[PDB]
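To start, the structure itself, in C-alpha cells.
Reconstructed Cβ throughout: ideal geometry from the backbone, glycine too, with neighbour counts over all protein chains shown. Every read-out reported here was derived from the displayed coordinates using simple, explicitly stated rules and does not represent laboratory data.
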Amino acid sequence: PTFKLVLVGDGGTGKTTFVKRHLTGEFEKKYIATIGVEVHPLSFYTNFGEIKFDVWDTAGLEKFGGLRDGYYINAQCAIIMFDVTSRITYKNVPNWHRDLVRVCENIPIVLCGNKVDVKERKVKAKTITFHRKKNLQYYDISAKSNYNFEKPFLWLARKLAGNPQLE
Amino acid sequence: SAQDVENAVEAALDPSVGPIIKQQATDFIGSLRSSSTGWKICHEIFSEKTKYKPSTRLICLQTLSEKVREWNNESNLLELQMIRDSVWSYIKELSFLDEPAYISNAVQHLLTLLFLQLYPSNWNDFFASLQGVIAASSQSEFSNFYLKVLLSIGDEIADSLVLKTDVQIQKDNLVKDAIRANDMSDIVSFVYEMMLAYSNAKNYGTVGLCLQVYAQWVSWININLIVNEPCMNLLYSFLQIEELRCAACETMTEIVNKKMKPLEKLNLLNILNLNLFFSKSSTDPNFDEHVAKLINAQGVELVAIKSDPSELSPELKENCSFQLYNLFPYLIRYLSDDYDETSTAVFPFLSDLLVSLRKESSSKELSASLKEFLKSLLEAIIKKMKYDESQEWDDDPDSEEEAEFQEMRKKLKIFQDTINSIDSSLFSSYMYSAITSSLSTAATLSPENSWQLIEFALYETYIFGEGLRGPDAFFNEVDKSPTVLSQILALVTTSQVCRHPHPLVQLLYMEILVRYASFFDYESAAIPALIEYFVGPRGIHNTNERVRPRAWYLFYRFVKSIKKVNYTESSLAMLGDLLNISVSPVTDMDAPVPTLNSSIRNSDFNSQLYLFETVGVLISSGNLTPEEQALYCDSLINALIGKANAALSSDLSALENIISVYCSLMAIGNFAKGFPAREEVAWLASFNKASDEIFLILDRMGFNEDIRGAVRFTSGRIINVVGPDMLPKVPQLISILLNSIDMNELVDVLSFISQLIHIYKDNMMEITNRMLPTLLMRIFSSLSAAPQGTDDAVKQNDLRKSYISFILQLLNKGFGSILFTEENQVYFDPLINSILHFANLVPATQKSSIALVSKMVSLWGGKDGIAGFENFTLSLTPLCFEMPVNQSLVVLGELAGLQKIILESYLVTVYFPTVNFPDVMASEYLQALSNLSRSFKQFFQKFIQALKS
RNA sequence: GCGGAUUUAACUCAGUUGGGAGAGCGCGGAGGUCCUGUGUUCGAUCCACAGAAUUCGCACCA
Ligand SMILES: Nc1nc2c(ncn2[C@@H]2O[C@H](COP(=O)(O)OP(=O)(O)OP(=O)(O)O)[C@@H](O)[C@H]2O)c(=O)[nH]1
Ligand SMILES: [Mg+2]
C-alpha cells in the first residue's frame, strides 16, 4: 500500500530537513537548497499494517524548481509547508495549494507551519487562517524538536485508509 | 525536439533513474521557459492528442501558461493572439478534454491567463463565443468545464488571498469593470439557465458548480442579477435538497455578506425571508454548521447595520433591531450545539453583538428582557466550557483534541469577560452559583466520574479573578465586605476538592492556591494546610508524573509569595526525601550517545531545582535561629560539594561523573538563588566555602562547557549572596572561563559579565579592560559570518542583541574609558562601525543599534583625541538621510535623535551637493535642527516621507 | 480583507532598549499589579509570545 505524497512549500521552509529527520533521524543545521526534486520512500507502521509514503521533496526555489507543477502528477496526498520565522512563506501558502489542486483534483492536503521551536515568530498565530478557509488539516510543527512531527503523516494515512481508528 | 521533450518529462517522472539523466532532462524542460524559442515546441504538443502523452502535454500546457504571463500586451499581442487561437481551436473541438483531470484543469488555467491579457479590448467576444460553444455541445461535462473557467477568472480577480500588488490590482480592477460593462448580464443568465436546467434534471454535480460561481461572484457583481425573484426561488428550494442544501447555504451567505449601504442590506436581508429556513433547521452536523454560519452571517450584518449612526430613521433601527432580537434564539441554539465546529461558526456574531450590547448599556441599564439573554448566553458558554462527561480525559499531551479544546476555552473566556463588562453583578452572581452548583453536584457522584464537573469549577475559579489582584478583588473598597471572588475562593479552599485524585483537578487546585495566595494574606490561620497540602502525598509527593514535577514549581511560587513563619521546619523535613539527585544518562532523538544535555533534558532535575531554591527561601524567611539555619545551610552544601568531589576525583570523562558534578553545581546555584543579597547573615560562611569549590571543579572539568555554564551561573548567585566577600577572586574566575570560551557561550558569557558589572561596578572596570580585547574579536568574528542556516541566523540575532546591550551597559554604567586602554585601541574604530552596520541591516537592530550610535556621540563630543569620531559622526549622515529610501518611526525617530545630538554645517557645503540638491528641503532641515526634542522629530518624519515621496 | 498607533497615583502629563520610576495639580509626609496573561533571563514597566480596551489608515464592495 504505497501512496504518492508531494511535499511543497516556499524555499527555506524546512521540507528536506523534515524528510531527513524521518528518514535518518538527523537534523541538518546547514541550508542546502534542494534542486529539481529528491525522492525518498519514507515508511510507517500502524495498528492495521504498513503504509509506505513515496515523498517527492520538491524545490520551492524559483531558481531550482524545474518541472515545478509536473511533479504533482498522480500525487495521492501532499503537505504544504511554511516557515513561521519567515512571513512571506505563508503569504504564498495559497499558491502552493492553488497549484496542487490544479493537477490533483481532490487529495488530502496537510498545511504545516514549521520551525515553531524558534520563539519569536514572524508569521503570528492570528494570520494562520488558510486551513479554515480551505477545509485543510493544519499542524504547528518542528523538524528540530520533533514537535508534532508525526501528526501530518498519521492524519493522511488515516484518510488514505479511510480508517479513523488508524492509531 | 518533440520526442525529446516527451522523454525529458518521462525521465523526470521516473525516480528509478540515474541523476545524470535527470539533470539534462530537468534543465531541458526548464530551458523551455527561459528560451525565446522553447515554447514553440510545447505549442505543437499540447494540441496533439493522437501522438502525445498527457504527462507531456501537461508540462507543455503549464510552460505555455507561465509564458503567457510575461508577455506585454502591446509588445506581444501577436504571440498572445497566436497561442489563443490555438487554445481556442483546441477548446472548440471538445475531444481531448475528457483526458485525465490535470489535462482539463490545466487547460482552463491557460485560457484564463490568455483571457486576462486580451479581454478588455483584444478579445471582445470571449464570453459570447465560449458560452455559445458550451451551449452548442450540450453536455454537463462541458458545462462543468465552463463553470470552472468562471471560478478560475474569479480566483484571479476576486481572491484577496494572493499577493496584493498595487499594479496587479489596478490591472485586476480593469478586467472587473470590463466584465461588468460588457458581458456580465449574460454570464449570469447563462449560469442561471444551467442551474435551472441541471436542477430539474436532478444533476447535482453541475448545480453545485453553479452555486459556487454564484457564491464566488456575488462578492463583486450587480447583486440585482443575483437577487431576482426567479433565481432566489430556485435557491430557497435548494435549501431543502440534501444534495444541494449546503452549497445553497454557502452561496446564501455570500449574498448576505455582499457589501453595501446599510439601508441596502436591510432590504436584501429582508427579502430573503430566511427565518422560515431557520425555524425548521435533525442530525446532520455539517448542515447545522452551514446554517449556523448563515445565521452568524445574517447576525453580524444586522449588528453592524444597527450601529451605524448614518441613517437615523428608527424605521431602520426598528426593523433592524427587531430582526436582531429575532435571531437570538438561534444564536443560542447553535452556540450550545454539542458539536464544536457548529458553535464556533457563530462566535463572530456573538462577539459583535455583545460589543454593541455594552455600548448600549453604557447609556442605560439593560432590559429585563436582555438580562435574561445574557444569562442564557452564559448558560450556553458554561456548557461549552466543561469537559465532555463521556470521553475520559486523555493523558496524552499531544492529543490534538486537548489542544483544540484549550483554544475554545481561550475564546469562551473573553465572551464571559465581555458579558461581565455589560453587567459585572449579573455575571458575578451567575458564576458563583455555577461554581457552587457544579461542586455540589460533584459530591453526589462516584469519584471516577465527577472530575469533569470539578475541573470546570476550579477552572472558572482559576480565571474568575485574573488580573484583579488588588485588595479590592477580595474586599469591597467601602463596606469592606467580601467579593464574589473572596466567596468563590473561600468555598473552594474549604471544599473537599483537594482530596480528589484526578490530575487536572489537583494541578488546577495548586494553581488556584498560587495565583490567589495574597487572598490568604488575611486569613493567615489557614496557611498550614496549604503548606501541608503541597507537602503531603497529593501536592509535592504526588504519584502522578505530570503533577509531581509541576508541583514543585508551584510550591516554590506559593512559598515565595506566602512568606510572612511556622511551617519552616516541617517543610524542610518533608522536602528531604526529594533532594538527592539521580540523573541517568539516556539516549535521544539528537543523541545516539547520551549527552549531559539529553540525560538531563529527560529528567525532572530542572524542576527539582525549584525545591533547592525553595529550601533556601524557607531558610531565610523562617523562624530558625542563626545556628539552626546555618546548620541546614552547611549540611546541604557539604553534601553537594561532597557529591562533586567524589565525582571529580574518579574518571572526569564519565558522563555519570560529569552529570554528577554539573547537578551538584546547579543545586548549589539554585540554593543560593533563594537567599537574600548581602548585616551579617548566618549563611555567608557556608556559601563562601562553596565558592572555593567551584574552582576545584573548574580546574579539573573546566574543559567541558556544560560545567562552565553551571559555573558562570552558580558563582553569580553566590556573588549575589556573598557580594564583596568574593570580589578578590573574581578575576581568577573570569580568566579561567575565558580560554575555554566558545561560540555557543559568547552570550552566556556576556550576561555573566554585566551580571557582575552590576554587582560591583567600579571594581569590574580593570578586569573588563584586559578582557574586552578577547570578547570583541570573538563577537566580531561570529557576527561577520553570514549564516548557513536558520539556527545560525538565530544564534546571530541573539548575539547581536546582547552585544549591543553590553556596549550600552558599558557606557551607561561608566566604562567608556576602558575601550581606550591600549588593550582595545585597535578596536575602537570597528566597534563603532559594528554598531553602525547593525543599524543599516533591514528594527530591534535599528532602534537599539541607532540608539547606541547616539550615546556614542554624546560621550565623544569633541575632536579632542578621537581621530575617527568626526568622520564617523559625519559618516552617520548618509544613514540619517538615505537609509529609509529603500516600528519604522522608532527607527526614524532615533535616526533623528542622532541628527539632533550631532547638531548640538558640514551638510550644507558637503552633503546636499553630493546628493541631488533640494534647495527647499535643505533649509527646512536646518530650521528644524536649529529652532525646534519633540519638534525636530515631527519635521524629520514628515520630511523624509516627503523626500521619499 | 490587509496594516499600523495608543493603554504609567485622584488628576494630568513626563521618562529608560530590563537594575525598580517621577515633575504640575489634587487628601513632612501618602497614593501605580507602569492594560492583562505566559515565557526567556540571576532579575522586566521597557524583551518574546498570546489577548483586551481605545483608535487611525489602505484595499474591495464602486
Ligand atoms: N530551528 C529550526 N530550524 C529548522 C527547522 N526546519 C528547518 N530548519 C532550518 O532550515 C534549514 C533547512 O532548510 P531546508 O529544509 O534544507 O529547506 P529546503 O527544504 O531544502 O527548501 P527546498 O530546497 O526549497 O525544499 C536548516 O539549516 C535548519 O536550521 C525546524 O524545525 N526548527
Ligand atoms: Mg527540499
Problem - Sorted by Cβ density within 10 Å, fewest first, the residues B:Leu874, B:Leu147 - result: B:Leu874, B:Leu147
Fill in the blank from the handout: Among A:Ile73, B:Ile658, A:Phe153, the residue whose Cα sits farthest towards the positive end of the charge dipole of the protein assembly as shown, when +1 is placed on the Cβ of each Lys and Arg and -1 on the Cβ of each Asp and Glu, is B:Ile658
Fill in the blank from the handout: If each K or R counts +1 and each D or E counts -1, the residues other than A:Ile128 whose Cβ falls under 11 Å of its Cβ total +4
Handout entry: Computed magnitude of the charge dipole of the range B:47-93 (debye, nearest 20; Cβ of K, R +1, Cβ of D, E -1)
Key = 320
Practice task
Find the eigenvalues of the gyration tensor of the Cα atoms of chain B, then list the square roots of 5 times those eigenvalues as equivalent ellipsoid semi-axes, largest first, in whole angstrom.
Solution key: 61, 45, 32
Handout entry: Kyte-Doolittle mean at least -1.0 and Cα axial length at least 15 Å: DSSP H helices in chain A
Key = A:93-103
Practice task
No other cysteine beta carbon under 4.7 Å away is the test; run it over the protein assembly as shown and list who passes.
Solution key: A:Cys77, A:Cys104, A:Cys112, B:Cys210, B:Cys231, B:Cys246, B:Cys249, B:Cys320, B:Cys498, B:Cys633, B:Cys663, B:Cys880
Practice task
Could you check what % of the DSSP bridge pairs in chain A are antiparallel, to the nearest 5?
Solution key: 30
Handout entry: Förster radius 51 Å - calculated FRET efficiency between A:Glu50 and B:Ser784, Cβ distance, rounded to 0.05
Key = 0.55
Completion exercise
Each label sits 7 Å from Cα toward the beta-carbon; between A:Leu61 and B:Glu882 the label points are separated, in nm, by 3.1
Exercise for the section: For chain A, just say rounded, prolate or oblate: build the C-alpha gyration tensor, square-root its eigenvalues into a ≥ b ≥ c, call rounded for a/c under 1.5, and beyond that prolate if a/b exceeds b/c, oblate if not. Expected result: rounded
Problem - Other protein chain Cβ atoms within 10 Å, averaged over every residue that makes up B:55-66 - result: 3
Exercise for the section: Give me the net charge of B:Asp725's neighbourhood, meaning all other residues with Cβ under 12 Å from the Cβ of B:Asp725; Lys, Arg count +1, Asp, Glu -1. Expected result: +1
Exercise for the section: Among DSSP beta bridges whose residues both lie in the protein assembly as shown, state the antiparallel percentage, nearest 5. Expected result: 30
Exercise for the section: Over chain A, calculate the relative contact order: mean separation of alpha carbon pairs under 8 Å at least 6 apart, over the residue count, as a percent. Expected result: 24
Fill in the blank from the handout: Under the 7 Å Cα-to-Cβ spin-label approximation, B:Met921 and B:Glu79 lie apart by a distance in nanometres of 3.9
Practice task
Among A:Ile107, A:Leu166, B:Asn76, flag the residue with its Cα farthest along the positive direction of the charge dipole of the protein assembly as shown, charges on Cβ as +1 for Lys/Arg and -1 for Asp/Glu.
Solution key: B:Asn76
Exercise for the section: Would you mind counting up the charge near B:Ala551? Only other residues with Cβ under 13 Å from its Cβ, with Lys and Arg at +1 and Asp and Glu at -1. Expected result: +2
Exercise for the section: Consider a paramagnetic label point 7 Å from the Cα of B:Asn173 along Cα→Cβ; state which residues of the range B:932-949 have an amide N under 15 Å from it. Expected result: none
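Go ahead and run the numbers for FRET between B:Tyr462 and B:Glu766, Cβ-Cβ distance against an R0 of 45 Å, rounding to 0.05. Numbers along the way, then the final one.
Values: r = 52 Å, r/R0 = 1.17.
After rounding to 0.05, the efficiency reads 0.30.
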Exercise for the section: Report the label-to-label distance for B:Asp284 and B:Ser620 in nanometres (one decimal), using points 7 Å from each Cα along the Cα→Cβ vector. Expected result: 6.8
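As a footprinting exposure proxy, order B:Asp338, B:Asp155 by other Cβ within 10 Å, with the fewest listed first.
B:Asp338, B:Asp155
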Problem - Residues of the range B:489-532 with amide N under 17 Å of the 7 Å Cα→Cβ point at B:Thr444 - result: none
Exercise for the section: Report, as an integer, the average count of C-beta atoms from other chains found within 10 Å of each Cβ along A:61-70. Expected result: 6
Fill in the blank from the handout: Kirkwood radius from Cα pairs of the protein assembly as shown plugged into Stokes-Einstein at 25 °C, 0.890 mPa s, gives D in µm²/s equal to 69
Exercise for the section: Quick one: among A:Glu38, A:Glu105, A:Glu150, which has the greatest mean-square fluctuation in a GNM of chain A with alpha-carbon springs under 10 angstrom? Expected result: A:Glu105
Fill in the blank from the handout: Once the dipole of the protein assembly as shown is set up from charges on Cβ (+1 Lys and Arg, -1 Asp and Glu), the residue from the list B:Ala677, B:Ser369, B:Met252 lying farthest towards its positive end is B:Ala677
Practice task
Please state the charge dipole magnitude for the protein assembly as shown, taken about the Cα centre, from unit charges on C-beta atoms (+1 on K and R, -1 on D and E), reported in debye and rounded to the nearest 20.
Solution key: 1640
